[PDB]
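Q: Supplied in structure tokens, the structure appears directly below.
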Amino acid sequence: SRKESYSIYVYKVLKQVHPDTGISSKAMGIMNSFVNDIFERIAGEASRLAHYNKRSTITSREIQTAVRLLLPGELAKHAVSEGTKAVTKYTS
Amino acid sequence: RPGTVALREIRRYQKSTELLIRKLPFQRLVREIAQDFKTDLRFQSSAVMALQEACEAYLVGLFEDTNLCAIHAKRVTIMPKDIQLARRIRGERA
Amino acid sequence: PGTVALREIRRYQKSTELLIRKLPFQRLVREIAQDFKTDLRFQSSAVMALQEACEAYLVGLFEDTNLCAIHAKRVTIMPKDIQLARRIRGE
Amino acid sequence: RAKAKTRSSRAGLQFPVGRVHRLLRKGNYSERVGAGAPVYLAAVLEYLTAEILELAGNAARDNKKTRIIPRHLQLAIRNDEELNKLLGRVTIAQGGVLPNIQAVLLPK
Amino acid sequence: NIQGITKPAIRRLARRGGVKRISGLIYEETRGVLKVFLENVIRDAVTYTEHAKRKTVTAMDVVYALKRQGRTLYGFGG
Amino acid sequence: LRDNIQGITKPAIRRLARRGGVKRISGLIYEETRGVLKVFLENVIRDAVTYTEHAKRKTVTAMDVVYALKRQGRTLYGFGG
DNA sequence: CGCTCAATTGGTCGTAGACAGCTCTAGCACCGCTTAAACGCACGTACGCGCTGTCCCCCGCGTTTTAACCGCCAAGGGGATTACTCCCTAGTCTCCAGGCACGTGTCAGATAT
DNA sequence: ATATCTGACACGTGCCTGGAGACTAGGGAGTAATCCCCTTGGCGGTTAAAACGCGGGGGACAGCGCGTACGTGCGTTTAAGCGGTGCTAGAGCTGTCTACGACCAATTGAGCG
């Protein structure tokens with residue numbers, strides 16, 4: 001049975017800025033932690049935002065509010081800018 | 001004339017859970033601070049003064065062992081850099 | 001001189017690798033385990049993860065300790081000057 | 001009925017929205033899940049990953065290296081307080097710590 | 001108007017906290033520390049309200065802000 | 001044979017104090033340092049045992065330490081979890 | 001107070017481990033088309049606990065001279081670092097021993113096809 | 001009755017796990033000179049303390065509203081599902097080169113002259 005991880009997607013996103021650059025498995029392990037730590041933070045926050053308003057769905061506006069509370073700076077509205085682009089183009 | 005044995009406040013403000021800031025100036029304060037994100041809010045009087053309680057209890061938490069940090073430095077007198085010690089160790093400013 | 005210790009700081013910051021000897025750490029870990037519950041075996045990497053997390057706790061404690069001594073006008077550590085950490089942090 | 005595509009390809013994302021939907025569902029986080037949520041989440045994962053990897057590239061380049069090791073990510077974080085306010089509760093395994101001498105300790 | 005946090009208010013708070021000596025240069029920077037604390041707990045709280053489309057800053061949303069720093073309290077609908 | 005915690009050597013604490021960025025080391029520090037380290041293991045390994053015993057396993061995994069560190073807030077990367 | 005010269009550092013030899021494309025294999029979980037129930041929108045309609053000013057004393061600031069105090073250089077030796085001194089147990093590594101999931105056992109039957 | 005299959009009634013090795021031993025030598029330890037640091041003290045140099053009478057604004061009383069609240073119709077949404085079919089990891093061994101070090105002339109530091 002398989003291990004499950006994010007290695008190929010993090011190594012894909014690395015080419016989005018540094019196609020010149022290689023990776024050690026140890027650094028791959030750090031990024032394979034960082035990815036699902038952001039998942040652990042957001043998904044719980046969104047489920048709690050739903051629960052704080054008694055809802056059966058986590059939602060686009062739930063995750064937008066969770067991310068709005070994940071970083072205390074410009075990076076939050078940059079993340080919102082990427083997410084609004086994604087949900088817009090998916091649904092158009 | 002000079003004071004002496006200045007303990008009289010210590011034997012009052014730790015005896016009961018009295019509230020120390022006055023309402024209306026704190027009321028405009030939080031409201032005028034909120035509106036730089038979003039104006040045309042309405043504010044529950046309970047919600048603002050609950051934040052007054054939390055700010056006051058947190059201000060006990062901004063002196064209680066902060067004066068112990070000065071005592072570790074062998075000052076009886078707190079100086080601003082003590083906050084820059086204690087509040088960096090708690091991670092609230094870096 | 002009495003002081004090339006400052007170049008030790010920079011050298012042990014050029015370095016990153018774990019500082020405690022492996023088997024010695026495992027002995028301490030097992031001698032904390034074997035009178036807590038019966039016969040705890042450990043995978044090597046779990047012992048290494050414990051070692052890293054604990055050496056990180058200690059490096060952080062000493063970083064706070066430098067602030068404690070320096071803010072007390074010392075460039076030397078003393079036990080009381082560690083002991084501010086346990087009461088100020090949370091534990 | 002036709003040959004398939006990932007939802008990410010319509011979203012303009014490279015991250016895998018479908019397994020995000022699976023991780024939410026296997027995560028049991030609510031009775032239903034708005035399709036907008038995992039689509040947005042994939043962009044969080046990209047944007048937060050690319051930003052730190054760029055700085056990891058800087059740390060490696062400046063130390064004249066060509067393969068990333070945990071050191072580079074740790075220094076990439078400590079070069080940026082907007083990352084330090086996220087990762088301050090986190091240890092980067094084997095990256096060590098920021099090389100730093102406080103000015104009171106120096107000679108003269 | 002941050003100046004509404006007056007000198008005797010901070011004397012009273014610190015004397016509940018058991019303090020002895022201060023140098024007067026403490027207070028004007030400590031007003032700034034309370035200003036950033038107060039601003040952080042406000043912006044987090046108000047967000048839940050406006051996200052829930054309510055315009056009324058709700059005491060629940062004050063609890064859910066303080067709860068994200070773990071500083072739980074009851075009576076306000078918890 | 002020696003069980004007496006000295007495996008945390010003078011040379012080890014010396015180097016940890018160095019990497020934390022501290023200078024002169026008076027001899028009183030070493031035994032107190034061993035104490036705080038013990039108390040931290042006695043927080044983490046306690047819950048690691050609860051993770052091992054929740055599965056009724058007889059061996060501690062990397063997951064068993066990682067989730068114990070995670071629930072105690074001093075989170076760790078590089079090992080899954 | 002700028003020199004001698006000892007102490008960390010930086011370019012070349014060469015070697016050897018962990019990446020990176022495997023290498024399709026391929027085992028399977030993402031999407032498509034259905035099936036489909038129900039919650040949250042959309043939306044009236046209840047309407048308080050929000051925003052909005054007169055009388056009235058209190059909450060905070062400015063002023064008295066000053067020392068508890070922090071920071072000063074004065075006084076005051078111990079014990080940590082550096083260094084060379086030896087004594088020892090970390091790491092290494094190869095062989096020991098024993099646990100699990102296995103396929104077919106082996107023969108023959110508790111339960112009923 | 002019949003076919004057959006289903007636990008008693010069980011000696012056959014990989015993989016895996018952890019154990020314990022002797023040598024080697026990396027390094028912990030042992031001791032001591034002695035500097036440089038923490039230091040031990042008190043005004044002397046510089047500034048928090050209730051007033052004490054006094055100015056700045058908060059509060060017990062009134063007075064209106066579109067918000068904050070229910071809770072029904074319903075339509076849009078995801079759930080849940082099964083086939084088809086694009087994805088992702090195994091493990092096998094490169095093709096390395098990149099990082100790993102030792103050898104062997106640079107730059108950074110301790111002594112007073």
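Scheme for the structure tokens: letters A, B, ... for chains in order shown; per-chain residue numbers from 1; ligand numbers from 1 in order shown.
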Return as a ChimeraX atom specification the residues belonging to chain E that are within 8 Å of chain G, counting only C-alpha atoms (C1' of nucleotides).
A: /E:6-8
Q: Extract, using only C-alpha atoms (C1' of nucleotides), all DNA, RNA and protein residues at most 10 Å from residue A:90, discarding same-chain residues fewer than 6 positions from it, and format them as a list in words.
A: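 So the residues in contact are residues 84 of chain A; 7, 8, 9, 10, 11, 12, 13, 35, 36, 39 and 40 of chain D.
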Q: Do a neighbour search on residue F:15 at 10 Å with only C-alpha atoms (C1' of nucleotides), toss out local chain neighbours closer than 6 positions, and write the hits as a list in words.
A: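 Counting only C-alpha atoms (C1' of nucleotides), the residues come to residues 8, 9, 12, 18, 19, 20 and 59 of chain C; 9, 21 and 22 of chain F.
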Q: Up to 8 Å from chain C, what residues of chain D turn up? Count only C-alpha atoms and give them as an NGL selection string.
A: :D and (71 or 91 or 93-101 or 104-106)
Q: Based on DSSP run over this structure's backbone, return all residues of stretch 4-87 of chain C in helix (DSSP H, G or I), as a ChimeraX atom specification.
A: /C:5-14,22-33,44-71,79-87
Q: If the cut-off is 12 Å, can you tell me the residues of chain D near chain H, counting only C-alpha atoms (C1' of nucleotides)? I'd like them as a list in words.
A: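 Putting it all together, I get residues 1, 2, 3, 4, 5, 6, 16, 18, 19, 21, 25, 30, 31, 32, 33, 34, 35, 36, 64, 65, 66, 67, 68, 69 and 107 of chain D.
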Q: Could the residues in this selection be written to a file with C-alpha atoms, as a compact mmCIF listing (two decimals), in the first residue's frame?
A:
```
# COMPACT_ATOMS: atom_id res chain seq x y z
CA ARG D 1 -18.82 11.00 -21.54
CA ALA D 2 -15.23 11.89 -22.57
CA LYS D 3 -11.51 11.80 -21.56
CA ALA D 4 -11.05 13.44 -18.14
CA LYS D 5 -9.34 16.63 -16.80
CA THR D 6 -8.55 17.87 -13.24
CA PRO D 16 -4.72 19.08 -7.02
CA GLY D 18 -9.65 16.71 -6.07
CA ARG D 19 -7.46 15.18 -3.31
CA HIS D 21 -11.79 17.54 -1.56
CA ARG D 25 -14.11 14.44 3.24
CA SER D 30 -18.61 18.90 7.85
CA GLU D 31 -21.77 17.10 6.59
CA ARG D 32 -21.40 18.81 3.16
CA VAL D 33 -18.54 20.73 1.44
CA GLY D 34 -18.96 23.78 -0.84
CA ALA D 35 -17.01 23.14 -4.09
CA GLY D 36 -15.56 26.68 -3.86
CA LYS D 64 26.60 29.17 -3.42
CA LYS D 65 24.60 25.87 -3.25
CA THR D 66 22.56 24.08 -5.98
CA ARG D 67 20.53 21.52 -3.93
CA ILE D 68 18.12 22.77 -1.21
CA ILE D 69 18.69 21.55 2.35
CA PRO D 107 35.22 42.60 21.35
```
Q: If you run DSSP on this backbone, which residues of chain E come out as strand (DSSP E), and could you give them as a list in words?
A: residues 21, 22, 56 and 57 of chain E
Q: Residues of chain H within 10 Å of chain A, counting only C-alpha atoms (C1' of nucleotides), what are they? List them as a list in words.
A: residues 78, 88, 89 and 90 of chain H
Q: So how far away is atom CA of residue C:65 from atom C1' of residue H:38, in Å?
A: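 Calculated distance between atom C1' of residue H:38 and atom CA of residue C:65 is 16.9 Å.
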Q: Excluding same-chain residues fewer than 5 positions from stretch 44-60 of chain F, what lies within 6 Å of it counting only C-alpha atoms (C1' of nucleotides), as a ChimeraX atom specification?
A: /C:40-42 /F:65,68
Q: Counting only C-alpha atoms, which of A:73, A:62, A:31, A:25 gets nearest to residue A:43?
A: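 With only C-alpha atoms as the atom set, the closest residue is A:62.
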Q: Report, in Å to a single decimal, how far apart atom CA of residue C:46 and atom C1' of residue G:20 are.
A: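 Here the two named atoms are 27.8 Å from each other.
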Q: With only C-alpha atoms considered, list every residue of chain A at most 8 Å from chain F, as a count of residues only.
A: 7
Q: Write down, as an NGL selection string, each residue of chain H that has any atom within 12 Å of an atom of chain E, counting only C-alpha atoms (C1' of nucleotides).
A: :H and (46-49 or 56-58 or 66-69)
Q: Can you write out the residues you just picked, keeping N, CA, C and O atoms (P, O5', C5', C4', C3', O3' and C1' of nucleotides), as a JSON list (two decimals), in the first residue's frame?
A:
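Written file, out-v9.json:
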```
[["chain", "number", "residue", "atom", "x", "y", "z"],
["H", 46, "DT", "P", 23.51, 65.01, 36.37],
["H", 46, "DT", "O5'", 22.07, 64.29, 36.53],
["H", 46, "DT", "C5'", 21.88, 62.96, 36.07],
["H", 46, "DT", "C4'", 20.61, 62.30, 36.61],
["H", 46, "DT", "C3'", 19.32, 62.83, 35.98],
["H", 46, "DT", "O3'", 18.76, 61.77, 35.20],
["H", 46, "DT", "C1'", 19.19, 62.71, 38.41],
["H", 47, "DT", "P", 17.35, 61.87, 34.43],
["H", 47, "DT", "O5'", 16.32, 61.27, 35.50],
["H", 47, "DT", "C5'", 14.92, 61.51, 35.44],
["H", 47, "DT", "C4'", 14.24, 60.89, 36.68],
["H", 47, "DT", "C3'", 12.77, 61.32, 36.81],
["H", 47, "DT", "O3'", 11.95, 60.42, 37.54],
["H", 47, "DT", "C1'", 14.04, 62.14, 38.61],
["H", 48, "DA", "P", 11.36, 59.07, 36.92],
["H", 48, "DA", "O5'", 10.72, 58.30, 38.18],
["H", 48, "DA", "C5'", 9.32, 58.33, 38.44],
["H", 48, "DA", "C4'", 8.95, 57.78, 39.84],
["H", 48, "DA", "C3'", 7.48, 57.38, 39.96],
["H", 48, "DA", "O3'", 7.28, 56.44, 41.02],
["H", 48, "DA", "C1'", 7.90, 59.52, 40.99],
["H", 49, "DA", "P", 5.83, 55.89, 41.43],
["H", 49, "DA", "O5'", 5.32, 57.01, 42.45],
["H", 49, "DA", "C5'", 5.91, 57.13, 43.74],
["H", 49, "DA", "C4'", 5.46, 58.39, 44.49],
["H", 49, "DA", "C3'", 3.94, 58.57, 44.57],
["H", 49, "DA", "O3'", 3.43, 57.78, 45.63],
["H", 49, "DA", "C1'", 5.21, 60.63, 44.54],
["H", 56, "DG", "P", -9.46, 72.39, 30.93],
["H", 56, "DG", "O5'", -9.93, 70.85, 30.93],
["H", 56, "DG", "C5'", -8.98, 69.80, 30.79],
["H", 56, "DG", "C4'", -9.59, 68.39, 30.67],
["H", 56, "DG", "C3'", -10.51, 68.18, 29.45],
["H", 56, "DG", "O3'", -10.36, 66.83, 29.00],
["H", 56, "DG", "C1'", -11.72, 68.00, 31.49],
["H", 57, "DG", "P", -11.10, 66.23, 27.69],
["H", 57, "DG", "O5'", -12.44, 65.55, 28.25],
["H", 57, "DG", "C5'", -12.39, 64.27, 28.90],
["H", 57, "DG", "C4'", -13.74, 63.79, 29.45],
["H", 57, "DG", "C3'", -14.88, 63.80, 28.41],
["H", 57, "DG", "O3'", -15.74, 62.68, 28.54],
["H", 57, "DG", "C1'", -15.53, 64.87, 30.38],
["H", 58, "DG", "P", -15.41, 61.22, 27.99],
["H", 58, "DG", "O5'", -15.94, 60.34, 29.22],
["H", 58, "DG", "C5'", -15.20, 60.22, 30.42],
["H", 58, "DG", "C4'", -16.09, 59.85, 31.62],
["H", 58, "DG", "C3'", -17.17, 58.82, 31.27],
["H", 58, "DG", "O3'", -17.32, 57.91, 32.35],
["H", 58, "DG", "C1'", -18.14, 60.85, 32.04],
["H", 66, "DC", "P", -34.56, 54.02, 9.63],
["H", 66, "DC", "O5'", -33.62, 52.97, 8.84],
["H", 66, "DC", "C5'", -32.29, 52.68, 9.26],
["H", 66, "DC", "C4'", -32.09, 51.22, 9.72],
["H", 66, "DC", "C3'", -32.41, 50.18, 8.62],
["H", 66, "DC", "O3'", -31.49, 49.10, 8.63],
["H", 66, "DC", "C1'", -33.58, 49.71, 10.60],
["H", 67, "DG", "P", -30.05, 49.22, 7.93],
["H", 67, "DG", "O5'", -28.97, 48.80, 9.05],
["H", 67, "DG", "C5'", -28.84, 47.46, 9.52],
["H", 67, "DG", "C4'", -29.32, 47.32, 10.97],
["H", 67, "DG", "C3'", -29.25, 45.87, 11.46],
["H", 67, "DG", "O3'", -27.96, 45.46, 11.90],
["H", 67, "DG", "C1'", -31.20, 47.05, 12.26],
["H", 68, "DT", "P", -27.55, 43.91, 11.99],
["H", 68, "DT", "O5'", -28.48, 43.26, 13.13],
["H", 68, "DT", "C5'", -28.35, 43.63, 14.49],
["H", 68, "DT", "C4'", -29.39, 42.97, 15.40],
["H", 68, "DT", "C3'", -29.23, 41.46, 15.43],
["H", 68, "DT", "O3'", -29.33, 41.06, 16.79],
["H", 68, "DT", "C1'", -31.41, 42.08, 14.64],
["H", 69, "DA", "P", -29.19, 39.53, 17.26],
["H", 69, "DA", "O5'", -30.72, 39.07, 17.26],
["H", 69, "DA", "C5'", -31.16, 37.89, 16.60],
["H", 69, "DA", "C4'", -32.68, 37.89, 16.53],
["H", 69, "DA", "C3'", -33.22, 36.60, 15.93],
["H", 69, "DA", "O3'", -33.26, 35.60, 16.93],
["H", 69, "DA", "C1'", -34.36, 38.52, 15.07]]
```
Q: F:26, F:4, F:72, F:43: which is nearest chain H, counting only C-alpha atoms (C1' of nucleotides)?
A: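 The closest residue to chain H is F:26.
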Q: Of the candidates F:33, F:18, F:23, F:73, which shows the shortest atom-to-atom distance to chain H, using only C-alpha atoms (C1' of nucleotides)?
A: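 Closest to chain H of all the choices is F:23.
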Q: Give me, as a VMD selection string, the contact residues of chain F against chain G at a cut-off of 9 Å, counting only C-alpha atoms (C1' of nucleotides).
A: chain F and resid 24 to 27
Q: Go through chain G residue by residue and, counting only C-alpha atoms (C1' of nucleotides), keep those with an atom at most 12 Å from chain C; for each kept residue give the shortest atom pair and its distance in Å to one decimal, ordered by chain and increasing number, as a Markdown table.
A:
```
| residue | atom | partner | partner_atom | distance |
| --- | --- | --- | --- | --- |
| G:7 | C1' | C:4 | CA | 11.2 |
| G:8 | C1' | C:7 | CA | 10.4 |
| G:71 | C1' | C:73 | CA | 11.7 |
| G:80 | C1' | C:2 | CA | 8.2 |
| G:81 | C1' | C:2 | CA | 5.1 |
| G:82 | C1' | C:2 | CA | 6.5 |
| G:83 | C1' | C:2 | CA | 10.7 |
| G:89 | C1' | C:24 | CA | 10.3 |
| G:90 | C1' | C:21 | CA | 7.3 |
| G:91 | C1' | C:23 | CA | 8.8 |
```
